Amino acid sequence: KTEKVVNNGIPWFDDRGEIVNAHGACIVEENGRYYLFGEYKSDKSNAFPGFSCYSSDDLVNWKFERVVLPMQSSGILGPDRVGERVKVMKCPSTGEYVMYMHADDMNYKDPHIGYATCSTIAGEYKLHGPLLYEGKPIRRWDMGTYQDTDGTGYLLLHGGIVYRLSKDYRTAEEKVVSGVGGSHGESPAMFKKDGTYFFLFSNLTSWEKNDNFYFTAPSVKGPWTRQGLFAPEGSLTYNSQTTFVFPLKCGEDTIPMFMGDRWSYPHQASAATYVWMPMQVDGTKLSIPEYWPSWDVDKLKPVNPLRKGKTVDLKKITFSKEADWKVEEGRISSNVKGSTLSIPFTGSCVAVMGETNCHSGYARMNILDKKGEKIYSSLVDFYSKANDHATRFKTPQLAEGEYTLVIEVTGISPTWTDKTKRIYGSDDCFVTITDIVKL
């Protein structure tokens, strides 16, 4: 049984049983398959760890293709460089796949929009260095791409700068939009629906999430009118940062799918998650009025299959030092480093629900087998600026057997800062579990 459920904010696993690691991503459809390109993040540093590519035939069950562009031996994507927001477009006139990214140094003080090419969608791309405008590098940061209906290709940048690309997609010929609404927005994304062009941006709050906003226009060139938020106020774009908007076909119509990153600085490799949602469009009005933590991609409606399994009585799970846990009806929490919950299970899928808040930290999910040896371990981020109650983790597939799920309070409180010297993130290291469901 191939599942069709997108579970927002929880790690996903590929064919290899590995965490799907493609952040600041986009998706490109080709021959009945979807190709997800993104940053193949490391938990060790923010340094460029390569751009990954996954594919699927349903937008849910991802297969690892390869690291489509790895760290280089020198240059803008070499050692001690940052590589972010990879985007790929198929150049119509040449059939070539051209990849674009924001390359930089570790302090974000040496920005370069770069490009790479490949003759196949998921092949080994070849970096060509800076994407040149007027024969000089484009020294800018967050970027996106848009491919218009006539085949014209565009490079999108923070602030609402837009460059028309050459017919071969390898040169930035003309800056067709120099800025939108005197803005200072980042993580740009663009799409078109019913003759209306939509330009999305996030506010500058580092890895912290904020209420993203958008503009509309009758053409890519403008004029651009400010429209405000496209997701409910205070939701912080459902605790994500815009990355892309992918056209989802359903019958003779298409529905835009919003894609956002629920970053988890610093342990991004294991704990950064995704927030995808169908968007509603009525003329220049864009919205995602209701959050769906789980939704059926074929049916475009929310579902709650994770709650269909048998509940584990929280009063009966094994605690290492039960005094470390604050126990209530349907909720247990702790900030004591090292304390754990252990739950035996039969390899069948197990879902862990809980609450995220501004006082929470990372939990470490371990799966032990019969002999007691650890066969799985990853970090899950319980920090969130705004409170959330939902599934936090689902075990990867295992053959019918003899296992133990161990949930450990790591005591790692996620915090970060930026050039403004502002401190973001958590003030504590709590982990709060509300339900453990054996499917």
# chains A, B, ... in the order shown; residues from 1 in each chain; ligands from 1
>>> residues_around(residues="residue 6 (chain A)", least_positions_apart="4", cutoff="10 Å", atoms="only C-alpha atoms", output="JSON, numbers by chain")
{"A": [10, 12, 59, 60, 61, 274, 275, 276, 277, 292, 293, 294, 295, 296, 297, 302, 303]}
>>> write_last_selection(atoms="N, CA, C and O atoms", output="CSV table (one decimal), in the first residue's frame")
chain,number,residue,atom,x,y,z
A,10,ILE,N,7.3,16.9,10.3
A,10,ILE,CA,8.0,15.7,10.8
A,10,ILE,C,9.0,15.2,9.7
A,10,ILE,O,8.8,15.5,8.5
A,12,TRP,N,10.8,12.9,7.1
A,12,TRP,CA,10.4,11.9,6.1
A,12,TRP,C,11.5,11.0,5.8
A,12,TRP,O,12.7,11.5,5.8
A,59,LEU,N,4.6,12.7,-5.2
A,59,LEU,CA,5.0,13.8,-4.2
A,59,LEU,C,5.0,13.4,-2.8
A,59,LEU,O,5.0,14.3,-1.9
A,60,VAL,N,5.1,12.1,-2.5
A,60,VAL,CA,5.0,11.7,-1.1
A,60,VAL,C,6.1,10.7,-0.8
A,60,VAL,O,6.8,10.8,0.3
A,61,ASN,N,6.3,9.7,-1.6
A,61,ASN,CA,7.3,8.6,-1.4
A,61,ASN,C,8.6,8.9,-2.2
A,61,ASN,O,8.7,8.5,-3.4
A,274,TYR,N,9.4,20.1,6.7
A,274,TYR,CA,8.8,20.8,5.6
A,274,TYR,C,7.4,21.2,5.9
A,274,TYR,O,6.7,20.5,6.7
A,275,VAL,N,6.9,22.3,5.3
A,275,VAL,CA,5.5,22.6,5.4
A,275,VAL,C,5.0,22.9,4.0
A,275,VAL,O,5.2,23.9,3.4
A,276,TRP,N,4.2,21.9,3.5
A,276,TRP,CA,3.6,22.0,2.2
A,276,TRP,C,2.1,22.1,2.4
A,276,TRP,O,1.5,21.4,3.2
A,277,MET,N,1.4,23.0,1.6
A,277,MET,CA,0.0,23.2,1.7
A,277,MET,C,-0.6,23.7,0.3
A,277,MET,O,-0.1,24.6,-0.3
A,292,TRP,N,-3.2,22.3,7.8
A,292,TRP,CA,-3.4,20.8,7.7
A,292,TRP,C,-2.0,20.1,8.1
A,292,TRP,O,-1.1,20.1,7.2
A,293,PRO,N,-1.9,19.6,9.3
A,293,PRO,CA,-0.7,18.9,9.6
A,293,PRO,C,-0.5,17.6,8.8
A,293,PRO,O,0.6,17.2,8.6
A,294,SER,N,-1.6,17.0,8.3
A,294,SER,CA,-1.6,15.9,7.5
A,294,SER,C,-2.6,16.0,6.4
A,294,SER,O,-3.8,16.3,6.8
A,295,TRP,N,-2.3,15.8,5.1
A,295,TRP,CA,-3.3,15.9,4.1
A,295,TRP,C,-3.0,15.0,2.9
A,295,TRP,O,-1.9,14.5,2.7
A,296,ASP,N,-4.1,14.6,2.3
A,296,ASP,CA,-4.0,13.6,1.2
A,296,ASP,C,-3.7,14.3,-0.1
A,296,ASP,O,-4.5,15.2,-0.6
A,297,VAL,N,-2.6,14.0,-0.7
A,297,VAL,CA,-2.1,14.7,-1.9
A,297,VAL,C,-3.0,14.4,-3.2
A,297,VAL,O,-3.2,15.3,-4.0
A,302,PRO,N,-7.6,17.5,4.3
A,302,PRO,CA,-6.9,17.0,5.4
A,302,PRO,C,-7.3,15.6,5.8
A,302,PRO,O,-8.4,15.2,5.6
A,303,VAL,N,-6.4,14.9,6.5
A,303,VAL,CA,-6.7,13.6,7.0
A,303,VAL,C,-6.0,13.5,8.4
A,303,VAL,O,-5.1,14.2,8.7
>>> residues_around(residues="residue 363 (chain A)", least_positions_apart="4", cutoff="6 Å", atoms="only C-alpha atoms", output="VMD selection string")
chain A and resid 379 to 380 408 to 410
>>> select_by_dssp(residues="region 117-241 of chain A", states="strand (DSSP E)", output="NGL selection string")
:A and (117-118 or 126-130 or 132-133 or 136-137 or 143-147 or 153-157 or 161-165 or 172-177 or 186-193 or 196-202 or 213-217 or 225-229 or 241)
>>> select_by_dssp(residues="region 104-258 of chain A", states="helix (DSSP H, G or I)", output="ChimeraX atom specification")
/A:158-160,236-239
>>> residues_around(residues="residue 166 (chain A)", least_positions_apart="5", cutoff="12 Å", atoms="only C-alpha atoms", output="VMD selection string")
chain A and resid 91 to 94 98 131 to 133 151 to 155 171 to 175
>>> residues_around(residues="residue 384 (chain A)", least_positions_apart="5", cutoff="8 Å", atoms="only C-alpha atoms", output="PyMOL selection string")
chain A and resi 239+356-358+360+425-426
>>> write_last_selection(atoms="N, CA and C atoms", output="PDB file, in the first residue's frame")
ATOM      1  N   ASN A 239       4.601  28.269  10.795  1.00  0.00           N
ATOM      2  CA  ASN A 239       5.955  27.999  11.256  1.00  0.00           C
ATOM      3  C   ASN A 239       6.862  27.505  10.118  1.00  0.00           C
ATOM      4  N   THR A 356       5.067  21.888  20.934  1.00  0.00           N
ATOM      5  CA  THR A 356       6.248  22.645  20.706  1.00  0.00           C
ATOM      6  C   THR A 356       5.974  24.033  21.260  1.00  0.00           C
ATOM      7  N   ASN A 357       6.988  24.651  21.849  1.00  0.00           N
ATOM      8  CA  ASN A 357       6.833  25.996  22.398  1.00  0.00           C
ATOM      9  C   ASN A 357       8.173  26.663  22.549  1.00  0.00           C
ATOM     10  N   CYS A 358       8.158  27.931  22.950  1.00  0.00           N
ATOM     11  CA  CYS A 358       9.381  28.715  23.038  1.00  0.00           C
ATOM     12  C   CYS A 358      10.307  28.348  24.203  1.00  0.00           C
ATOM     13  N   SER A 360      11.149  24.969  24.593  1.00  0.00           N
ATOM     14  CA  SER A 360      11.519  23.594  24.304  1.00  0.00           C
ATOM     15  C   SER A 360      12.825  23.412  23.565  1.00  0.00           C
ATOM     16  N   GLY A 425      15.240  32.089  19.212  1.00  0.00           N
ATOM     17  CA  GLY A 425      15.088  30.741  19.703  1.00  0.00           C
ATOM     18  C   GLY A 425      14.565  30.527  21.107  1.00  0.00           C
ATOM     19  N   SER A 426      14.921  29.352  21.632  1.00  0.00           N
ATOM     20  CA  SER A 426      14.434  28.830  22.904  1.00  0.00           C
ATOM     21  C   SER A 426      15.175  29.352  24.107  1.00  0.00           C
TER      22      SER A 426
END
